[PDB]
C-alpha cells in the first residue's frame, strides 16, 4: 500500500528530529501522519518546513484553529489535493464540532451557511489560490471590515500561501493520507 510516488525513508535514514516527531505523534494520536514519513526524503528541509508549518497552523497566533482549518479546507478543495483535504477536513470537523459544516466547506463554502467573517476568509482564500495575479490592496478591505487586523491578515495570507505550497508538494508526490483521518471527528 504505497503512500508516496518516491521511496519513503526508514528510521535509519532520517534525522533525530523526524524520529522524535514520529514517536510523539504515535503516543499522542495513535498513528504517524504519512506526510512525516513521505516528506522526510530531504531531512533537514523537512524539519525546517515542519518548524514553520507547526508554528503557523498548530501553535498560538492570531487566527483560531477553526479559522485556520477553514482556510486549509477551502484551498485544498480548490486545488483538489487529497492528502491535505482529508487531513485538514478531520481537523476542521474537530475544531468546528460540526462534521456536516466541515464537509460542506470541502465542497463549496458558498453553500455551507458560514458567518460573514467565515465567508470573507473563504472568499479571499479561494481568490488568492485561483487568481494570485489579480489580488490587490482593495481585497484587504473586506477582511478589515469583518474585523481582521494587520497581524491577522499577515497570518491569513501565510496560511493560504502555505496550503498552496503543501497542496503542490502532496499532489506532485502522490502523498496518501492515513485511514484514521477519514474516520476522525465523525
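Numbering follows the first chain given and starts at 1.
Pick between 167 to 175 and 7 to 15: the one whose mean CA B-factor in the entry is higher.
-> Mean C-alpha B-factor is greater for 7 to 15.
Exercise. Averaging the C-alpha B factors as listed in the entry, name the stretch that ends up higher: 24 to 32 or 125 to 133.
Key: 24 to 32 has the higher mean C-alpha B-factor.
* Kindly indicate the residue among 87, 108, 115, 76 with the greatest C-alpha B-factor in the PDB record. => When the deposited C-alpha B-factors of 87, 108, 115, 76 are compared, 115 is largest.
By the CA temperature factor listed in this entry, which of these ranks top: 160, 47, 148, 55? Of the candidates given, the C-alpha B-factor peaks at 148.
When the modelled residues of the chain are sorted by Cα temperature factor, does residue 119 land in the lowest, middle or highest third?
-> Highest third, going by the recorded CA B-factors of the chain.
Exercise. Which third, lowest, middle or highest, does the CA B-factor of residue 67 fall in along this chain?
Worked result: Middle third, going by the recorded CA B-factors of the chain.
Divide the modelled residues of the chain into thirds by Cα B-factor and specify which third, lowest, middle or highest, holds residue 82.
As the PDB entry reports it, the C-alpha B-factor of residue 82 lands in the lowest third of its chain.
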